[PDB]
Amino acid sequence: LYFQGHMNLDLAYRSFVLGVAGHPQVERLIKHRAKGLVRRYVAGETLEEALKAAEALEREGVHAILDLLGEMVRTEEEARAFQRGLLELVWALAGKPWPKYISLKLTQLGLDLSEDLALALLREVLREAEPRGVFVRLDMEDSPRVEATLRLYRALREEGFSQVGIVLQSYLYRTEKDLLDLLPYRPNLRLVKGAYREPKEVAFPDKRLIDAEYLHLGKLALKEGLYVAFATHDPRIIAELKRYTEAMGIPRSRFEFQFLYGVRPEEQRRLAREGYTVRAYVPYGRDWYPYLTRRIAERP
Amino acid sequence: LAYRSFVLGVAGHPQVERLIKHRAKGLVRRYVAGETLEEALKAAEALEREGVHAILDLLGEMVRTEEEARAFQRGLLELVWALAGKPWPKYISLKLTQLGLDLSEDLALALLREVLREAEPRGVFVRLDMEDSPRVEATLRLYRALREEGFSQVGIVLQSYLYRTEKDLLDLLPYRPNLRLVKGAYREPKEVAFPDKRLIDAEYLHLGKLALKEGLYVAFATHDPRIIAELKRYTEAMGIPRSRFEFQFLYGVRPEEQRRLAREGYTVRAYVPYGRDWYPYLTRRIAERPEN
Ligand SMILES: Cc1cc2nc3c(=O)[nH]c(=O)nc-3n(C[C@H](O)[C@H](O)[C@H](O)COP(=O)(O)OP(=O)(O)OC[C@H]3O[C@@H](n4cnc5c(N)ncnc54)[C@H](O)[C@@H]3O)c2cc1C
Ligand SMILES: Cc1cc2nc3c(=O)[nH]c(=O)nc-3n(C[C@H](O)[C@H](O)[C@H](O)COP(=O)(O)OP(=O)(O)OC[C@H]3O[C@@H](n4cnc5c(N)ncnc54)[C@H](O)[C@@H]3O)c2cc1C
């Protein structure tokens, strides 16, 4: 792939990262000599490590979002196996004296195979989560999956569930309209810039416009009285949202900041000491290596 | 910016001013209509022939006394009376400080009220240009007061670089203000205004979209092509009709974009200065952009 005359840099980087990570020797090397580096960003392979990591965050004033990692689901059986992993997490979280928050992808409950299946399995998760006070975030995947995600979110809201939330991505042209459409749902929103490679036709290609849209949507959601989680590490955006919420007298109980586990941990702590609700998004499970490969292959 | 320093530093010399006035008349006329009202109306006619509208802006020396304030008001009344019966849309801009705002709010209000009384029956729209931050509160006071007295053909300008602007906008919604949105022209401290240009631009887009979703008429007064492209995309995608917003440019600045937007069916206006004290304004047009 070339892009308008010259090599596709984004593709070249991605393909190199992937090619180097997939090399058997590099994978052996990283699992052996880079364990200190990995556990900084990944709790461990088990639910027990993940719960330990959450207790360590809590000790420091920071809350945990637990995100089970799994190889990509391609069969109904694998979606059911993944759901079992999610149920185990919900049950284990049940006792805990702290905020209980999990994140999942609908594709890992078989969305691409059957939307009916995904909804079925998700409702069973929500049935266990809701009475235990476990909050469930539906992570937003790529643009072809947005309509189904909002559809399943609305369906569950309408069946009586409230311990469920959505993620909206500021890089999409469609997001402002999705926000305004969802207003009657009073949704609990995580606002992100967005993680995927999206074409010019559906997403702002300009990083200035992505960041500008983030602030616009964040401010719109706040003025609407929505609870909003600002999931971002951007210090310009964080500083503006702190200035804005303070100037508008938005209570600290109506918004929060969310960081990936291990990313700007001094900031997570600092925001918490300032009275903000801060969460770290904590991946765990046996599929951490492909997962971290992909987060590295996103951008140089 | 070395370019900006040079031009600004050479512009003040009396022999530079004389050379521009005699040998760069084409340069002057690009950015200012002329010294007289008559030249200003000719410039508005020329814009109209190309689908572009005019905002007429009387320039005068800085007002310092009540007598100067009244002299300036008389200039504006002459403009209002001259616009009467012109076939095309009639829009004038003014600074409240030129109506004696720093002298008394009462004076500026009395003078402005007389302008709006002559203006409204003649179909002349009056924009209150926004000045620097110590003047915003008084400006909104005069606006609101005049609205409550029953005037409607009067608009305000809000500047995206100020922290206070979103609250002003929200506070003003019951008035259904006719709005010109600008980035802002003054040097303002970090305590009052975004220091970062990325933030000023983000806030411009945010306020504009907020204003449009509230159903307010908004004039986007900006030359920024990133912002124009985005507002064009957004208004299309959201089905906002072309009769609910417009684009405004300084006279002589991106004149091909002005015509292009007019051709694409957008409402476009050029802000046309005229009057005796045009040399300082023109200096700022040359300085602000490497030119030639
Ligand atoms: C808790 C959480 C949940 C998310 N959920 C989703 C989801 O469901 N769907 C989705 O598409 N995306 C999701 N995202 C990702 C988001 O879309 C972005 O891709 C990611 O957060 C990086 O963007 P950013 O806002 O940090 O700013 P970027 O534009 O990536 O970075 C700009 C500035 O942020 C700071 N920064 C960014 N990364 C780092 C770093 N690794 N170390 C130090 N500083 C950094 C730097 O100062 C940089 O200059 C989530 C992100 C988080 C943190
Ligand atoms: C009709 C009108 C009315 C205004 N009224 C007020 C007011 O009442 N109060 C007030 O404080 N300010 C007012 N302003 C000014 C405004 O606040 C800005 O200072 C001024 O418009 C410059 O900012 P900008 O958005 O054009 O873009 P800038 O941020 O100056 O420029 C951004 C981009 O725009 C493009 N650009 C700018 N100029 C040119 C050019 N000459 N040629 C090609 N590209 C260019 C460049 O690509 C640049 O990178 C008004 C401006 C206009 C046009």
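Values below: every heavy atom of this structure, side chains too, minus hydrogens, waters and symmetry copies. Every number for a ligand or one of its atoms is a count from 1 in the order of the listing. Chain A is the first sequence line, chain B the second, and so forth, proteins listed ahead of strands; every chain is numbered from 1.
- Comparing heavy-atom distances from atom 31 (O) of ligand 1 across A:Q258, A:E198, A:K193 singles out A:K193 as nearest.
- Looking at A:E298 next to ligand 1, no N or O pair under 3.5 Å apart turns up.
- Remark: the B:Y217 side chain and the B:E246 side chain contain an N/O donor-acceptor pair separated by less than 3.5 Å.
- Checked by atom type and distance alone, the side chain of A:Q268 pairs as donor or acceptor with a backbone atom of A:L260 at under 3.5 Å.
- Interface of B:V253 with ligand 2, defined as ligand atoms under 4.0 Å from a residue heavy atom, comprises 40 (C), 41 (N).
- With a heavy-atom cut-off of 4.0 Å, B:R254 touches ligand 2 through its side chain alone.
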- [ ] Before giving the answer on ring-ring contact (aromatic ring centres under 6.0 Å, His included), spell out for B:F194 and B:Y163 the whole-Å C-alpha distance, their side-chain angles and the decisive distance to 0.1 Å.
- [x] CA-CA 7 Å; B:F194 308 99; B:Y163 299 146; 4.9 Å; yes
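- The shortest N/O to N/O separation between A:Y171 and ligand 1 does not fall below 3.5 Å.
- When non-hydrogen atoms are compared, ligand 2 lies under 4.0 Å from the side chain of B:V157 (C-beta onward) but not from its backbone.
- In this model, a donor atom of one side chain and an acceptor atom of the other lie less than 3.5 Å apart for A:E141 and A:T107.
- When A:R295, A:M140, A:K207 are checked for heavy-atom proximity to atom 7 (C) of ligand 1, A:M140 turns out nearest.
- The main-chain N or O of A:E298 is found under 3.5 Å from a side-chain atom of A:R197 such that the two form a donor-acceptor pair.
- Residue A:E141 does not touch ligand 1, judged by heavy-atom distances below 4.0 Å.
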Task: Evaluation steps, side chain to side chain contact (heavy atoms under 4.5 Å, CB included), between B:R164 and B:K167 - done: CA-CA 6 Å; B:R164 63 167 296 151; B:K167 176 173 171 292; 5.8 Å; no
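- Classification of the A:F259-A:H233 ring pair by plane angle, with boundaries at 30° and 60°, yields tilted.
- The backbone and the side chain of B:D129 each have at least one atom closer than 4.0 Å to an atom of ligand 2 (non-hydrogen atoms only).
- Short contacts between ligand 2 and B:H223, defined as distances under 4.0 Å to a heavy atom of the residue, involve ligand atoms 24 (P), 25 (O), 26 (O), 34 (O), 35 (C), 36 (N), 37 (C), 38 (N), 53 (C).
- Ligand 2 does not have B:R269 within reach: every non-hydrogen atom of the residue lies 4.0 Å or more from it.
- Backbone and side-chain nitrogen or oxygen atoms of A:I65 are examined, and none is located within less than 3.5 angstrom of a nitrogen or oxygen of ligand 1.
- Residue contacts with ligand 1 for A:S103 are absent, since no atom lies close enough (heavy atoms, distance under 4.0 Å).
- Inclusion of A:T232 in the set of residues having an N or O under 3.5 Å from an N or O of ligand 1 is warranted.
- Each of the following atoms of ligand 1 lies closer than 4.0 Å to a heavy atom of A:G194: 11 (O), 16 (C), 17 (O), 19 (O).
- Of the possible polar contacts, none joining the B:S93 side chain to the B:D57 backbone as a donor-acceptor pair under 3.5 Å is found.
- Remark: ligand 2 and B:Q159 share an N or O pair separated by less than 3.5 Å (distance only, no angle test).
- Checking only distances, B:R180 does come within under 3.5 Å of ligand 2, N or O to N or O.
- Cation-pi geometry between B:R127 and B:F125 is not met: the NZ or CZ atom fails to fall both under 6.0 Å from the ring centre and inside 45° of the normal.
- No part of A:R137 comes within 4.0 Å of ligand 1, judged by heavy-atom distances.
- Side-chain polar atoms of A:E176 and A:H216 form a donor-acceptor pair below 3.5 angstrom.
- At under 3.5 Å, not a single nitrogen or oxygen of A:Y196, backbone or side chain, sits near a nitrogen or oxygen of ligand 1.
- Taking the six-membered ring for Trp and thresholds of 30 and 60 degrees, B:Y204 and B:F220 have ring planes inclined between 30 and 60 degrees apart.
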